[PDB]
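Have a look at the structure below before the remarks.
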There are 2 protein chains.
Amino acid sequence: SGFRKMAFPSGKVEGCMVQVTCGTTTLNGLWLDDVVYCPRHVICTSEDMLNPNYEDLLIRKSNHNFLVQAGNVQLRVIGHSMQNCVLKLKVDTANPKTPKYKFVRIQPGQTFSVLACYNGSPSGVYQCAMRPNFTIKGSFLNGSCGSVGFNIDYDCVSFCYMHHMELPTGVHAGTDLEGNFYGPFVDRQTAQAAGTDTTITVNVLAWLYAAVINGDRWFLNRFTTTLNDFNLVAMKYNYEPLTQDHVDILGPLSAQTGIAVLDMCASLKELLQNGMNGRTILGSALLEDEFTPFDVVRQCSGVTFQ
Amino acid sequence: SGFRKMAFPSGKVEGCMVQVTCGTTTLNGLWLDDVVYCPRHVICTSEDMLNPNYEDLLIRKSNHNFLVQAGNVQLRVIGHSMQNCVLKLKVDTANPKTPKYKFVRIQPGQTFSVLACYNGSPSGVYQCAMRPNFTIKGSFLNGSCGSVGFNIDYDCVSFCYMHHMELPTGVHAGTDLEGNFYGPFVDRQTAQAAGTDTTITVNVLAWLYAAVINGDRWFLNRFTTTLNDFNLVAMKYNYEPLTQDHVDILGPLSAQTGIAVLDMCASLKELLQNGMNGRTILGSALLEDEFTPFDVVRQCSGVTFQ
Ligand SMILES: *CC(=O)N1N=C(c2ccccc2)C[C@H]1c1ccc(OC)c(OC)c1
Ligand SMILES: *CC(=O)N1N=C(c2ccccc2)C[C@H]1c1ccc(OC)c(OC)c1
């Protein structure tokens, strides 16, 4: 028993992190097969970040201007190209520690583990959710760009995030591994607004099911509700509306606990209107939305990986 | 910026986890050099767990009764012994992935990362604190025994915890790597009481300093207090008393933020008596005590490892 915000084991990703230097800036890169992936703003000076013309800046660079280092081993760049907002550096050596992997573009509300790195070396690992407004609330300092987010399925590492920037509001933005930003952001040092952030309702419900599984049941009430009635209350409190796909995904948790999805919504509705009254759920005084239904099943069933 | 409950990268530990079978029970083991470490109750049946005579049970076992497996590689046990509550299995092969390591017995209030494992395979990693009553509030299912807790310093893995049991209250107990339990517990399936759990005050203060560093300043007040005056309030709310050693440890955080330790205590005193009034600190509606002063410095300065 117990419930924790646990990350994936990071071993398979630690072997893929390298340091990338171009001119004076040094960032992290991801080394898979004989290609290194890194944010394209590694080719910028501090002055270029206000209004960078990436095509014109990349022209002035040659293969021997990039220094890629894996610990003490040095890689030789034999070809470079720009794909959207990432740089792809072809190197002469294929990474012997390359795991089974794929590139995935996740949806808002999905969760992943971030391996925070500095100078190509791992600092720590934590779990987080892609917000509905396509930001993440991470923990990143100067030099962490190029750190990656990932999931593990079976023996396969699915890379889904590369860190590119901190917004003036202190939240974080980045791209998939094909270099397409999540959200309406651009890799430029300019004030950029993120939209309204909402709470991920299907995740909150998954967490209430986790709480029931672990013995927190005080919030279960006698009422029930309808989907339309619940969504009316949810939108007043800036919660994402629940759809039928969300009800389908919660099916297994409903089966295991014997609590129908709509009955759980009625409990949540009462928590939204009445608060928690100084009580806690799974050791928290706020409603938690960084666990997907799959995260709950995985943690409460003991799923392992390669 | 940002602040997260981040764990250490687990790669160096993933390469040390093995599966240990003796009779019908299968647990996790830790393979360093040519020795495997695992909980001694691997030699018990379900009936033996009520009142096990470990010496008499270990007599009936021979080297060829232990099956140790590292993925698909099979280790041959050539010698076994019992050190307190752990079994030490000598094997014919030395682990080629053995990192620089040491065994450490931590103190209550210190934090570490747990690599939760099942059948010798990693499931996830999370950070937690040793409670003042020598339990941990982890996330463990049947079969997780033998999972280890660890810290990383420089290039050295310090192992400090091996998981042995879940108490009837749903909290967890275990040993150091020499097999001495933390706390007054015994490896027997009997009702065992843990003492009163208190809040780790020096950790709460470290977290308030983290909050100031990241922009949460609303809780700073005009008052100050004395050490004796604060400890009187703290003990009424089941907080550990603050000593001079704790003030010394918080020194660097005081220097960085310009807020004296005693001034921060006065802010905390007001939070204890008046609550938080529906406000949050670093995204939490409760006072958090699972970050040590060192954890804050490490996260807010970007410390990396091998
Ligand atoms: C994340 C990261 O390392 N960096 N992000 C940068 C950026 C700035 C504005 C807009 C988009 C992206 C630049 C880069 C960076 C690296 C290192 C330092 O200090 C050593 C930086 O200081 C601000 C920035
Ligand atoms: C942690 C763990 O795996 N186990 N802890 C056990 C224990 C029980 C009572 C007192 C102290 C320690 C036994 C062991 C265990 C392994 C596997 C299963 O199911 C497959 C168990 O089921 C209860 C227990």
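About its Cα centre, what dipole magnitude does chain A give when the only charges are +1 on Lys and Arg Cβ and -1 on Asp and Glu Cβ, stated in debye to the nearest 20?
Details: 22 positive and 26 negative charges, 82 e Å.
Once rounded to the nearest 20, the dipole reads 400 debye.
Mean residue ellipticity at 222 nm from the helices of chain A, using -39,500 (n - 2.57) per DSSP H segment of n ≥ 4 over the full residue count, to the nearest 500 deg cm²/dmol?
-6500 deg cm²/dmol
Fewest Cβ neighbours within 10 Å first, please rank B:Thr26, B:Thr175, A:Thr98 accordingly. List each step's numbers first, then the result.
Details: B:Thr26 19, B:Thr175 26, A:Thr98 16.
Lowest count first: A:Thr98, B:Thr26, B:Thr175.
Please compute the net charge surrounding B:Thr280, taking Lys and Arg as +1 and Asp and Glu as -1 over other residues with Cβ under 12 Å from its Cβ. Could the numbers behind the result be given before it?
Values: positive: B:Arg279; negative: B:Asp216, B:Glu288.
Once all neighbours under 12 Å are counted, the net charge is -1.
Which listed residue (A:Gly258, A:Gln192, A:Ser158) has the Cα farthest towards the positive end of the charge dipole for chain A, taking +1 on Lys and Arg C-beta and -1 on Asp and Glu C-beta about the Cα centre?
A:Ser158
How many percent of the alpha carbon pairs in the range A:1-117 exceed a separation of 21 Å?
Numbers: 3010 of 6786 pairs.
Result: 44 percent of Cα pairs exceed 21 Å.
For label points placed 7 Å from Cα toward Cβ, what is the shortest-first list of nm distances from A:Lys100 to its copies?
Output for A:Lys100: 3.4 nm, nearest copy listed first.
Based on the alpha-carbon gyration tensor of the range A:203-306, what equivalent-ellipsoid semi-axes (square roots of 5 times the eigenvalues) come out, in whole Å, largest first? Could you put the intermediate results ahead of the total?
Details: eigenvalues 93, 54, 33 Å².
Working from the Cα gyration tensor, I get semi-axes of 22, 16, 13 Å.
Based on Cα positions only, what radius of gyration and what Dmax would you give for the range A:31-187, in angstroms?
15.4, 45
FRET efficiency for A:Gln273 and B:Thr224, Cβ-Cβ distance as r, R0 = 45 Å, nearest 0.05?
About 0.65, to the nearest 0.05.
Quick one: A:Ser121, B:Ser113, fewest Cβ neighbours within 10 Å first, how do they rank? Walk me through the intermediate numbers first.
Working: A:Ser121 17, B:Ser113 24.
Ranking A:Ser121, B:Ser113 by Cβ neighbours within 10 Å, fewest first, gives A:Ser121, B:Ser113.
How long are the semi-axes of the ellipsoid equivalent to the range A:83-130, from square roots of 5 times the Cα gyration tensor eigenvalues, in whole Å, largest first? If you can, show how the numbers build up before the last one.
Working: eigenvalues 107, 56, 31 Å².
Taking √(5λ) for each eigenvalue gives 23, 17, 13 Å, largest first.
If you average over every viewing direction, what projected area does the convex hull of the Cα atoms of the protein assembly as shown give, in nm²?
Working: hull surface 115.6 nm².
Mean projected area of the Cα convex hull: 28.9 nm².
Put the label 7 Å from Cα along Cα→Cβ for B:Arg188; what are its distances to the other copies, in nanometres, shortest first?
7.3
Over the alpha-carbon set of chain A, work out the extent along each principal axis and list the three values in angstrom, largest first.
70, 42, 32
Mind checking which of B:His64, B:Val104, B:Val86 is farthest towards the positive end of the range B:21-138's charge dipole, using Cβ charges of +1 (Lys, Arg) and -1 (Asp, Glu) about the Cα centre?
B:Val104
Residues with beta-carbon under 15 Å from that of A:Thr169, excluding A:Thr169: net charge, scoring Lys, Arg +1 and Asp, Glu -1? Provide the component values of the computation, followed by the final result.
Numbers: positive: A:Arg131, A:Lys137; negative: A:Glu166, A:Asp197, B:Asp216.
Here the count lands on -1.
Using only the alpha-carbon atoms of the range A:144-217 as identical scatterers, what base-10 log of I(q)/I(0) does the Debye formula give at q = 0.18 Å⁻¹?
Ignoring solvent entirely, the Cα scatterers give -0.89.
Would you mind listing the distances between the A:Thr243 label point and the same position in each other copy? Use 7 Å along Cα-to-C-beta, nm, one decimal, shortest first.
Copy-to-copy label distances for A:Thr243: 5.8 nm.
Peptide A:135-144: average number of partner chain Cβ atoms within 10 Å per residue?
Working: counts 0, 1, 4, 5, 9, 4, 6, 1, 2, 1.
That works out to 3 on average.
For the residues A:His163, A:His80, what sequence is obtained by ranking on other C-beta atoms within 10 Å, fewest first? Show your work: numbers first, answer last.
Numbers: A:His163 24, A:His80 18.
With the fewest neighbours first, A:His163, A:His80 line up as A:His80, A:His163.
Please give, to one decimal in nm, the separation of the simple spin-label points placed at B:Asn72 and A:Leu286, each 7 Å out from Cα toward the Cβ.
Taking the two extended label points, one gets 4.7 nm.
Return the sequence-ordered ³J(HN,Hα) values of the range A:205-221 in whole Hz as given by the Karplus equation 6.51 cos²θ - 1.76 cosθ + 1.60 applied to θ = phi - 60°, using x for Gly and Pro.
4, 4, 6, 4, 5, 4, 5, 4, 4, 9, x, 7, 10, 4, 7, 5, 10
No Cβ is skipped: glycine too gets one built from the backbone with ideal geometry, and neighbour counts run over all protein chains shown. Every read-out reported here was derived from the displayed coordinates using simple, explicitly stated rules and does not represent laboratory data.
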